[PDB]
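# Reading the structure
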Amino acid sequence: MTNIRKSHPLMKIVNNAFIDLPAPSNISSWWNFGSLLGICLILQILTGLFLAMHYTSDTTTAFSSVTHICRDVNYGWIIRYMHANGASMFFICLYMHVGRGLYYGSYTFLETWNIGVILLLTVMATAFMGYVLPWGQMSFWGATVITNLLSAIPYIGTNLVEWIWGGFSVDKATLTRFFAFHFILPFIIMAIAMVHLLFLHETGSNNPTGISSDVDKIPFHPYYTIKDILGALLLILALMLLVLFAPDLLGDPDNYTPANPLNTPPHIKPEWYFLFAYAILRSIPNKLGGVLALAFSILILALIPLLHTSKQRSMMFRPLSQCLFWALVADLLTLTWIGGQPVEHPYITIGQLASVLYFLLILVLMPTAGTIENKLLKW
Amino acid sequence: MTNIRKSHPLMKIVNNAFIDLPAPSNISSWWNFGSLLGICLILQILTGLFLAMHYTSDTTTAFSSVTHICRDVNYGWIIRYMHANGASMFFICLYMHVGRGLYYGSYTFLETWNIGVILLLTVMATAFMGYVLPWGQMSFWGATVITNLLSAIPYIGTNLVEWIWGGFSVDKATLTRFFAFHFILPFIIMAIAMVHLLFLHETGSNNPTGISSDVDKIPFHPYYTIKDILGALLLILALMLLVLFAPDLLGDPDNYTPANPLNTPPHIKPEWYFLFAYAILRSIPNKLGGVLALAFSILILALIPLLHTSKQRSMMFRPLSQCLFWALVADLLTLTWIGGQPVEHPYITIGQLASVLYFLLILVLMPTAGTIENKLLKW
Amino acid sequence: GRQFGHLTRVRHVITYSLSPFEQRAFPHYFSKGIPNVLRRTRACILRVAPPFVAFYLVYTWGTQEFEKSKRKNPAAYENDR
Amino acid sequence: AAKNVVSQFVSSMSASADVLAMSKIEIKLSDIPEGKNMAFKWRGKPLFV
Amino acid sequence: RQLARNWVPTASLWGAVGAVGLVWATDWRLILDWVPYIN
Amino acid sequence: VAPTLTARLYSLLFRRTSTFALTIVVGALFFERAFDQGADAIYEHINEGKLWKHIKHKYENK
Amino acid sequence: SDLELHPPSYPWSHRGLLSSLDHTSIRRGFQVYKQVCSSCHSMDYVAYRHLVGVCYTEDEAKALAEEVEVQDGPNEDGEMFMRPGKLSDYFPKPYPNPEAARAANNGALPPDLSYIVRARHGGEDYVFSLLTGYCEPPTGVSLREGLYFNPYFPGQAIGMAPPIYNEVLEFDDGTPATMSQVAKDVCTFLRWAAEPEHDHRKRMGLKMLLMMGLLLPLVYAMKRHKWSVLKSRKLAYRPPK
Ligand code: HEC
Ligand code: HEM
Ligand code: HEM
Ligand code: HEM
Ligand code: HEM
Ligand code: FES
């Protein structure tokens, strides 16, 4: 390393965690969602910032101010639309970034998975709170439902809720909080991210066949750096095309009306990416037991590594283990549309049915599927 | 390293940058200000946070809201007083943390010094903006003076100012900005800090005699960890004793009156730690040339390493090089009280005198002092 | 590389020490100490005090010279003419 | 594609379109003739004119 | 020595690289129109 | 034979990395000046009489 | 569970991708507001700043403004003023207060019309056919006096008396005033108030595409260029074995 400029400030040797990080040869495009999360994250914080400079947190002000942006501020309309739609284009990435996780059995990495779980669990909190900030009608009641739901806890419930509200209801001081949180909190996600990426550098990436790739490696600079850029580009359209021609399409909530606590909207739902979770809840008639499922919905992702039941990592070689997996996809997709429907006996029964199936696939079938095929191949 | 728990998560080997970091044996208490900056920094962000939850940024609201904290919020009065006085106890540390820098000649570390310079230069910006937020009288005019001063630039000046203001004057949108900045910006300081500490781990600390300490080193865990805690404790009193018995002492600005653009206060000054800089300015009659000095005031700290003129690092062994240095202390101390005085002719002349002396010590005398003593000792 | 192994080479340097229990938290703190403070207070004080002294004079002198000028208007020009 | 967007963000901070409408609004064409006239209030301040 | 080699014609251009850059970077005098320049 | 337009071009420009950089700047320079002007007409030609640019002629300067 | 009909999608001069609004019709569309909606439904969120959007030239707008405005102006030298001055004002409200609003409305509450386009479902077509449709009550249904039966409205009982009849007005243009012609001309206006940036944004909508046609192939050109060394590999296993 003679006059290699990579040593001289030390910090650049830390920057050879990228450039020479060896990688597998064969990598499907499905591994591009590594980057496209990050860039969807950065593009927030900036566009997340220049909204803050004109926003104001007050029960009296807030809604007026958001009016004030789209009308009077030069280029003020693009930003608000990049930010909001920049949320949805964030999840649609995020889920895929889990999907690759299972179907190739990347969860075998035991630590990096977990930090994965938390890192999800935080976002769902952030992308919630902000959704209150506009203080519109669907924000007000959609605030009461989610929080007041938490009263289910047997004893400390009644106090613990009133604590967060800072009062009896969702009036001012409940707003001001949810600004100061939704502001800071992404930075922490950025903090964890540079941890969540760390452990990965020890074992390198997995690769589609589920085989130790040792004999075949490639420099990271000339090759995958382009492919991410190419990946980075297709996002923009998918972001622009949506945000530019059809603003309100995925902006499915129709309600800009200033919140009136007296009135109630006939139908009330979160925005789309939440629905299925909220759909789980309606199933259980028993209130307390109902909440647990919703909490237990995601956490099961942490228990999956205990269920690795077979002798080969991938699902690309297991037809059965592949067969079921897709049914789980439609099963979720079902839940989405279910919750987006009124609670009327043709729907009611259905959600109750799809609920059990969901767990039954993950928690029983899939761990069994691997057992048979071991027996088949004579393993 | 058999079953040493320090490997197993990798992140803990990164945490042996503390515990076994070898250190010199003899270390004066003057090296405790390494930590006491950090803790004064953390203690901000928290106490800096729980103010945000009840603060509101509006021309109409803001001042009312700060009223609302000291009156109506349970334990609301301590926090505001910890935060503000937690600023002054931050600088009084910070300067010492530079003072140790010169007098032992630690600046010989060439990179870590520079990152030191920036890391200062940022704080002075933050601890400014926040001081606008209360929107009191001394905040309003103290805002106009500092910013409008920047118009001195020959051509782009007139626009560049109006840009930051977002208008012709300091009305609303000038406030909302300075909240969203003063909120985020400390995190960046925390970002740099973990860089500014990095390079240090390569060369280890210096030690009072200015000698390579190699033969004598000590584990960092059993010994200095206590001493910092002991150091960490004496702060609290010095913070508490001030914030508890005598709130407004160092709170020298007397002005809570809601800002009226029409009226003007008879005397106008920044809070104390700024004054000397602001005192430099009054000296120069010529406006443009005046501003440069103020900018050139600090930056000279970066040029000091070029001036290392002698064959031995410390100033503990150079009586002359020590003799002058103390005069520089009073010289600053002079400037402080000078700016804190009206601009009548007994004062006027003085500041002009102390101004030249200041540079003359740093920029001429001290680099000469080392030359003679080399010649004396027969070097 | 690793910090402690390779630091430097030292030869034939012997060290002795006691448990912290065997010995005391204050081996004649006041008696042996109070002289030690003095002999090391004076070595610096020659080099430290004088500059501050200069300041305080200026400060006092400055105020007086300031005072006479403003406070007494009928000083240089008295009220006759 | 670079220069526009950069120039677009920075075009957010610079100036509102509302405040700009409140700049130099006093058109006059009234007063009170002779030496007394009336008055106004331009950029915040207000005295006599 | 000092032979300043093509580094000089090198640097010379690079200096002219950014000089045009700022003009392109910014606007100001928009610059004597010289192929379209809006009013 | 004479060198194909590229064979010239490569020797004159893209060889020296300075020029290879410089040419890019002036390129985008002229580019935006012509490019943006065309895009308007195409759009504007789509909407006729739907914009004051045409409409304003009915009432402008009375 | 009132059957909610849906507005059948009409063509719209702005319906297409690169389609724009017709400003000419907007002038009419505004004129209606000042005439009729002035009674009850207000718009808080818009100033007189219109100038060239609806084509009103600054002179015209000023005179257009200086009739309308505001009250008072002498409250011990603190307050506002008559005759707005510049365009700075917002639009005068018919009501001081939600209560005084509701009282005259016989318990009904007129909603704000500013963004009401994007508020209600169905887009603007909702409004147009709504104001269009007024039917005769079916046999066997009763209503409250103020309430009028209209199918689109969710409860199908509305306290709004139908505003429109053939030729309620005369137009600045002079085009015949028709219940159909009048109605649409409004339903264009509101569509502009809910997104004043409308006609401006689609420029990029076009202009980014023409930009973007270049890159995607070009970038895709490079990608295969670099990788072309990998996809050209050949292996052979030549053991001394
Ligand atoms: C007679 C006074 C009055 C007139 C004039 C008037 N409105 Fe109405 N209108 C009302 C009231 C009051 C309501 C709401 C009553 C209700 O919701 O039961 C209403 C309903 C509406 C609604 C639907 C409100 C909702 O609840 O969804 C719209 C949109 C509307 N008016 C727009 C207009 C338009 C456009 C005009 C001009 C043609 C107009 N108004 C003129 C009184 C009026
Ligand atoms: C992962 C990062 C982020 C996510 C997922 C996120 C998500 C959201 C969402 C969903 C909204 C509501 C959208 C809407 O109301 O139209 C929102 C609004 C907002 N966000 Fe964020 N945001 C993020 C980062 C930030 C950052 C870093 C900031 C500040 C620097 C920020 C400031 C705001 C503000 C002020 C609003 C209110 C403006 C508005 O909603 O119109 N956000 N954010
Ligand atoms: C903001 C959230 C996230 C960010 C920024 C992020 C970022 C990344 C990046 C950049 C990589 C390296 C590229 C790659 O391996 O694909 C990665 C790997 C990985 N992440 Fe995340 N990810 C996030 C969320 C998650 C979540 C929620 C999970 C699991 C619940 C997860 C699990 C993984 C796994 C298993 C890998 C390695 C897979 C492999 O190497 O084959 N990540 N993540
Ligand atoms: C190095 C870190 C910080 C410094 C030097 C600092 C300094 C200051 C100063 C000097 C003030 C004005 C004091 C006063 O008005 O009484 C202030 C106020 C304020 N600071 Fe900070 N602050 C820091 C960190 C933070 C953080 C991290 C936050 C938010 C989480 C924060 C939020 C605020 C707020 C809301 C105010 C207005 C409250 C008030 O001034 O009464 N500050 N800060
Ligand atoms: C928020 C600001 C700062 C923080 C958090 C900070 C923190 C630290 C810490 C923890 C150390 C290690 C302990 C020590 O060596 O004393 C250190 C070392 C040092 N810092 Fe900073 N410091 C800050 C500001 C500065 C500034 C402003 C300068 C110079 C302009 C500076 C120059 C140095 C130097 C020279 C050392 C090493 C001295 C030696 O090892 O003998 N620091 N700093
Ligand atoms: S700038 Fe007005 S007094 Fe110094």
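Method of determination, as given in the entry header: cryo-EM; reported resolution: 4.6 Å.

## Structural notes on the coordination of the iron atom of ligand 5
Octahedral six-donor coordination of a metal ideally yields angles of 90 or 180 degrees, compared with 109.5 degrees for tetrahedral four-donor coordination. All names here are of chain B. For the iron atom of ligand 5, the protein coordination sphere consists of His-97 (NE2) and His-196 (NE2), at 2.3 to 2.4 Å. Every donor counted, the 6 donor atoms about the iron atom of ligand 5 form angles of 72 to 170° at the centre, which fits octahedral coordination. You can see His-97 sitting in helix α3 (residues 76-103) and its partner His-196 sitting in helix α7 (residues 173-196), a full 99 residues away along the chain. Look at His-97 and you get partly exposed, because its relative accessible area is 23%. By relative accessible area, which is 21% here, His-196 ends up partly exposed.

## Notes on the site of ligand 4
Residues and elements named next belong to chain B. Near ligand 4 you find 17 residues, and of these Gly-48, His-83, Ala-84, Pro-134 and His-182 are the closest. Contacts to ligand 4 include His-182, whose side-chain N or O atom sits 2.7 Å from a nitrogen atom. Sorting the residues of the shell around ligand 4 by element identifies α1 (33-52), α3 and α7 as the ones contributing at least two each. Looking at the shell around ligand 4, the element that brings in the most residues is α1, giving 5 residues. Split into classes, the residues belonging to the shell around ligand 4 amount to 11 nonpolar, 5 polar and 1 charged.

## Here we look at the UniProt feature "binding site: a ubiquinone" in chain A
According to UniProt, the "binding site: a ubiquinone" feature falls on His-201 of chain A. Mapped onto the secondary structure, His-201 of chain A falls in helix α8 (residues 200-203).

## As for the arrangement of the chains
Sorting the 10 pairs of chains in contact by contact count puts chains A and G at the top. With no contact between them, chain A and chain F keep their nearest C-alpha atoms 15 Å apart. If you take every C-alpha in chain B and every C-alpha in chain G, the smallest gap between them is 16 Å, and the two do not touch.

## A word on the nonpolar core
Within the largest apolar cluster, 106 residues are counted, with the highest numbers of intra-cluster contacts made by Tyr-55, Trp-113, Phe-183 and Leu-301 of chain A together with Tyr-55 and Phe-183 of chain B. With 11 residues, helix α3 (residues 76-103) of chain A is the single largest residue contributor to this core. In contact with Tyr-55 of chain B, not counting residues within four places along its chain, are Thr-176 of chain A together with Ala-62, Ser-65, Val-66, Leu-133, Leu-175 and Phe-179 of chain B. Core analysis: the second largest hydrophobic core is formed by 24 residues, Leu-21, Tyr-115, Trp-192 and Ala-193 of chain G among them.

## Concerning the domain arrangement of chain G
Residue and element names in this part refer to chain G. Taken as a whole, chain G is organised into domain 1 (1-196) and domain 2 (197-241). Measuring from the centre of the C-alpha atoms in domain 1 to the corresponding centre in domain 2 gives 50 Å. The contact between domain 1 and domain 2 buries some 710 Å² in all, and 46% of this surface belongs to carbon and sulfur atoms. It is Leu-18, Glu-195 and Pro-196 in domain 1 that bury the most area against domain 2; as a group they hold 56% of the surface buried on that side. Connecting domain 1 to domain 2 are 1 salt bridge.

## Topic: the coordination of the iron atom of ligand 4
Residues and elements named next belong to chain B. Surrounding the iron atom of ligand 4 are the protein donor atoms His-83 (NE2) and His-182 (NE2), at 2.3 Å. Around the iron atom of ligand 4, the 6 donor atoms are arranged such that angles at the metal cover 71 to 176°; this shape is classified as irregular. Of this pair, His-83 sits in helix α3 while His-182 sits in helix α7, placing them 99 residues apart in sequence. By relative accessible area, which is 22% here, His-83 ends up partly exposed. Judged by relative accessible area, which is 19%, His-182 ranks as buried.

## A word on the packing of helix α4 (residues 110-129) of chain B against helix α11 (residues 287-303) of chain B
All names here are of chain B. At a minimum axis separation of 9 Å, α4 and α11 run at an interaxial angle of 165°. When the axis of α4 is compared with that of α11, the two are roughly antiparallel. At the point where α4 passes α11, the crossing takes the right-handed sense. Contacts between α4 and α11 pair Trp-113, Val-117, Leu-120 and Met-124 from the former with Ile-298, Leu-301 and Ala-302 from the latter. In terms of residue class, the contact of α4 with α11 is made up of 7 nonpolar, no polar and no charged.

## What to know about empty space enclosed by the protein
All names here are of chain A. Its volume calculated, the second largest cavity comes out at about 250 Å³. As for the second largest cavity, its lining consists of 16 residues, of which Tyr-107, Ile-304, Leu-307, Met-315 and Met-366 are closest to the centre. Those elements that provide at least two residues to the lining of the second largest cavity are α12 (319-339) and α13 (345-377). Top element by residues in the lining of the second largest cavity is α13. It accounts for 5 residues. Here the residues of the lining of the second largest cavity are counted per class, giving 10 nonpolar, 5 polar and 1 charged.

The rules behind the values
Residues numbered from 1 in each chain as written, not as in the entry; some residues may be left out. Chains lettered and ligands numbered in written order. Part of a larger assembly, values for the part shown. Heavy atoms only, no water. Residues with missing side-chain atoms left out of burial classes, pairs and counts. Donors = N, O, S within 2.8 Å, 3.2 Å for Na, K, Ca; no water. Tetrahedral: all angles 85-135°; square planar, octahedral: opposite > 155°, others 65-115°. Helix = DSSP H or I, 4+ residues; strand = E, 2+ residues; numbered from the N terminus. Buried < 20%, exposed > 50% of the residue type's maximum accessible area, 1.4 Å probe, protein only. Near = heavy atom within 4 Å. Polar contact = N/O pair within 3.5 Å; in protein donor to acceptor, adjacent residues only side chain to side chain. Nonpolar A, V, L, I, M, F, W, Y, C, P; charged D, E, K, R; others polar. UniProt positions renumbered as here; feature names shortened; annotations may be inferred. Contact = heavy atoms within 4.5 Å. Core = buried A, V, L, I, M, F, W, Y, C linked by side-chain atoms within 4.5 Å. Domains from an automatic or database assignment. Buried area = accessible area lost by both parts, 1.4 Å probe. Salt bridge = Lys/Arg side-chain N within 4 Å of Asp/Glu carboxyl O. Axes fitted to C-alpha atoms, helices over the stretch in contact; angles between N-to-C directions. Parallel < 35°, antiparallel > 145°, perpendicular 65-115°, else oblique. Left-handed = near helix turned anticlockwise from the far one by under 90°. 1 Å grid on protein atoms, 1.4 Å probe; cavity = no way out; pocket = protein on both sides within 12 Å on 5 of 7 lines; lining within 4 Å. Points joined across faces, edges and corners; volume = space filled by probe spheres on them.

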